[PDB]
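Numbers here are sequence positions counted from 1. Start at 1 and go down the list; that is how both ligands and their atoms are numbered. Only this structure's heavy atoms are used, side chains among them; waters, hydrogens and symmetry mates stay out.
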Amino acid sequence: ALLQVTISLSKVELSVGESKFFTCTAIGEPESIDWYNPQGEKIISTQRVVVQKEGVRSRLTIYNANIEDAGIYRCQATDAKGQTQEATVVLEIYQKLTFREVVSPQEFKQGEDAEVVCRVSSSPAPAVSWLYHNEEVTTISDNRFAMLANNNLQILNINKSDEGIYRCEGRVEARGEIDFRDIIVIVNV
Ligand SMILES: *[C@@H]1O[C@H](CO)[C@@H](O)[C@H](O)[C@H]1NC(C)=O
């Protein structure tokens, strides 16, 4: 009685917090259509993770996704005799760029070794760059300046000429994702 079970998408990527749906189509005469999550459990509809069968189709909607929603889902149709067919879909879930507690301005006294703080996160880990504003926002090349392993900007023996606007830029190259925060750096003489 079951000709074919398929899901509209085979693979989908989404960020934590994003919502997505999938449609299972069971051509023929299914008696039941159920979904199983990556933990292997039969999905019982809730407010956040919803299943609805309508004719020979079943829709799974995942609202406000979290990392534990990631993995392979199965749609299993069953006919009246108890024979089953199934299809699968893969959900890949990542974390988009997120800046935390941005502080601006940040003040330093001339001569001290400054650390300009920037806190950005993502999965995979973000690639961070610091840039300096003039007419064009440009990448910094100066021997007193270095990005630290915690993504902050070290400025050795900070001078009044170092005062200005600094851009903390976060990138995830594999997605082409980019975001930034401009930080006013003040040097008290
Ligand atoms: C720091 O400020 C001084 C004072 O004007 C100036 O000579 C210069 O722009 C800065 N020194 C450098 C370039 O490191």
Practice problem: Flag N159 as yes when one of its N or O atoms lies below 3.5 Å from any N or O atom of ligand 1, and as no otherwise. | Solution: yes
Practice problem: Specify whether the nearest protein heavy atom to atom 7 (O) of ligand 1 is under 4.0 angstrom away. | Solution: no
Quiz item: Tell me, which protein residue and heavy-atom name are nearest atom 14 (O) of ligand 1, and how many Å apart are they?
Solution: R144 NH2, 4.1 Å
Quiz item: When rounded to the nearest 0.5 angstrom, what is the spacing between CZ in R167 and CG in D182?
Solution: 4.0 Å
Quiz item: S161 and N159: side-chain donor and acceptor closer than 3.5 Å?
Solution: yes
Quiz item: Among protein heavy atoms, which lies nearest atom 9 (O) of ligand 1, and at what distance?
Solution: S161 CB, 3.5 Å
Practice problem: Dump the intermediate steps for salt bridge (charged side-chain N to carboxylate O under 4.0 Å, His left out) on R48 and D69, then the final yes or no. | Solution: CA-CA 11 Å; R48 193 185 68 89; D69 290 321; 2.8 Å; yes
Quiz item: Backbone N or O of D34 within a donor-acceptor pair of the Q76 side chain at under 3.5 Å?
Solution: no
Quiz item: What orientation do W35 and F22 show, parallel under 30°, tilted 30 to 60°, or perpendicular over 60°?
Solution: tilted
Quiz item: Is the closest protein non-hydrogen atom to atom 4 (C) of ligand 1 under 4.0 Å?
Solution: no
